[PDB]
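Input: a single structure, listed below in structure tokens.
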Amino acid sequence: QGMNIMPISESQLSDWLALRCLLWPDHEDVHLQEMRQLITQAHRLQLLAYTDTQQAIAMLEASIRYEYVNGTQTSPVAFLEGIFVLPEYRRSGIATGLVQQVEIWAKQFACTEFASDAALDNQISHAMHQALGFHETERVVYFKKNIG
Amino acid sequence: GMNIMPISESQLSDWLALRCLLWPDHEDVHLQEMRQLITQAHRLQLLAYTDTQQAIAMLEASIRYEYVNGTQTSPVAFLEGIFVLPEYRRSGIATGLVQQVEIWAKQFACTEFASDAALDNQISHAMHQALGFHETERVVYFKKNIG
Ligand SMILES: [Cl-]
Ligand SMILES: [Cl-]
Ligand SMILES: [Cl-]
Ligand SMILES: [Cl-]
Ligand SMILES: [Cl-]
Ligand SMILES: [Cl-]
Ligand SMILES: [Cl-]
């Protein structure tokens, strides 16, 4: 009679896409191509939260990382790839419940650290991360060049 | 006539000495990390030597198969670290060290060469530009404990 978290199945790709496009606006086929791979992967977790009326109101994606993640001292570590809750549902703390499901899952992979990141100019994401129990570790500038 | 060479198991001394300046830590920690690196196919570590066979620069790099911020390809080469003695920077040995990674990376089927730096290390940012890198993203990292 409230909210409910579940790992995403192929049957729920549309509900996943609808929220995923709000988080990361992009071409539908790019999303779907990625979504279909992720659900076959053991090192990936993707969840949806539903209401009574079967409305998908939140999603989370996470991974297990074996390469060095900034701010960490162990490997592997869990990593938050994306989380999105509809505004009307933020005060419900379903985001806390989603995060907690990753930790149970990450514990299976012998992880003791759960990392994430956010754009430097997105302070709201910084406030959200702290509200979920994350603390800041490092601020980083990324560079790259083409290899000719 | 500076010479750039991959680091052998008998050059830990020169490597350690430059590696300690770049990342101050304790010797036995460095050393056992260094010994592991040498055997790894996805890793490259170089030293630059002068005429007098004085070690004046070092570089470490890796191939990354997991997502690196700012890139759109996988895998990518990644600059793990680079140090040139202050006195030898004006010689552009850092440039010659980067080039050796690219050749190595090309031959690993990479097309992008990524790196990062602490936000408060503007000198590194100036150095990355000097080496031909351009900025892709600025990012804050977070963490919480599980067990
Ligand atoms: Cl798999
Ligand atoms: Cl359903
Ligand atoms: Cl959210
Ligand atoms: Cl980002
Ligand atoms: Cl190997
Ligand atoms: Cl330098
Ligand atoms: Cl860093």
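Here is the naming used below: chain letters follow the sequence lines, and residue numbers restart at 1 for every chain. Note that these values count all heavy atoms, side chains included, but never hydrogens, waters or copies made by symmetry.
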Practice task
Give a yes or no on whether A:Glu10 atom CD has more than 12 heavy-atom contacts from other residues, nucleotides or ligands under 6.0 Å away.
Solution key: no

Exercise for the section: Among A:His126, A:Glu81, A:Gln130, single out the residue with the greatest number of heavy-atom pairs under 4.5 Å to chain B. Expected result: A:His126

Problem - Cluster link B:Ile82 to B:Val101, ILVMFWY, side chain under 4.5 Å - result: yes

Exercise for the section: Would you mind checking which part of B:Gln72 comes under 4.5 Å of any heavy atom in chain A, side chain (CB onward), backbone (N, CA, C, O), both or neither? Expected result: both

Exercise for the section: Flag yes if more than 12 heavy atoms outside A:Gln123 fall under 6.0 Å of its CD atom; otherwise flag no. Expected result: no

Exercise for the section: Answer yes if A:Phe109 and A:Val77 sit in the same cluster of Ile, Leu, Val, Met, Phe, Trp and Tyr residues linked by side chain heavy atoms under 4.5 Å apart, and no otherwise. Expected result: no

Fill in the blank from the handout: Ranked by heavy-atom pairs below 4.5 Å to chain A, first place among B:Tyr67, B:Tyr65, B:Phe78 goes to B:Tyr65

Exercise for the section: Could you grab the distance from atom CG of A:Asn70 to atom OH of B:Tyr141, nearest 0.5 Å is fine? Expected result: 4.5 Å

Practice task
Among the options B:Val98, B:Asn145, B:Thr111, B:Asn121, pick out the one with the most heavy-atom pairs lying under 4.5 Å from chain A.
Solution key: B:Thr111

Practice task
Measure the CD1-CD distance between B:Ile146 and A:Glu113 for me, rounded to the nearest 0.5 Å.
Solution key: 8.0 Å

Exercise for the section: Indicate the ring-plane relationship of A:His129 and B:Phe142, choosing parallel, tilted or perpendicular according to the 30° and 60° boundaries. Expected result: parallel

Problem - chain A contact via B:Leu79 - which portion, at a heavy-atom distance below 4.5 Å - result: neither

Practice task
Below 4.5 Å from any heavy atom of chain B, which atoms of A:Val69 appear? Answer side chain, backbone, both or neither.
Solution key: side chain

Handout entry: Under-4.0 Å salt bridge between A:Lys145 and B:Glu102
Key = yes

Handout entry: A:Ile104 portion near chain B, given a 4.5 angstrom heavy-atom threshold
Key = neither

Handout entry: Crowding at CD, A:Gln108 (>12 non-hydrogen neighbours, <6.0 Å)
Key = no

Practice task
Give a yes or no on whether A:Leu32 and A:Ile39 share a hydrophobic cluster (residues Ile, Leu, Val, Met, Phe, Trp, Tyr; joining criterion: side-chain heavy atoms under 4.5 Å apart).
Solution key: yes

Completion exercise
Pair count under 4.5 Å, heavy atoms only, with chain A: among B:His134, B:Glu66, B:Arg64, highest is B:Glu66

Exercise for the section: Answer yes if A:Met128 and A:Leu86 sit in the same cluster of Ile, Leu, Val, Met, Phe, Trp and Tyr residues linked by side chain heavy atoms under 4.5 Å apart, and no otherwise. Expected result: yes

Problem - Flag if over 12 foreign heavy atoms under 6.0 Å of OH, A:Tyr89 - result: no

Exercise for the section: Kindly give the heavy-atom pair with the smallest separation between B:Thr136 and A:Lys144, and that separation in Å. Expected result: CG2-CG, 3.6 Å

Handout entry: Passing option when B:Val139 is tested against A:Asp117, A:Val141, A:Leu120, A:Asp121 for side chain to side chain contact (heavy atoms under 4.5 Å, CB included)
Key = A:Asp117

Completion exercise
Of the listed B:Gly70, B:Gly147, B:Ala117, B:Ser124, the one with the largest count of heavy-atom pairs under 4.5 Å with chain A is B:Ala117

Practice task
Examine A:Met59 and A:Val85 and state if one hydrophobic cluster contains both, with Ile, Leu, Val, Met, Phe, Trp and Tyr joined whenever side-chain heavy atoms are less than 4.5 Å apart.
Solution key: yes

Handout entry: Over 12 non-hydrogen atoms of neighbours within 6.0 angstrom of CZ in B:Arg35
Key = no

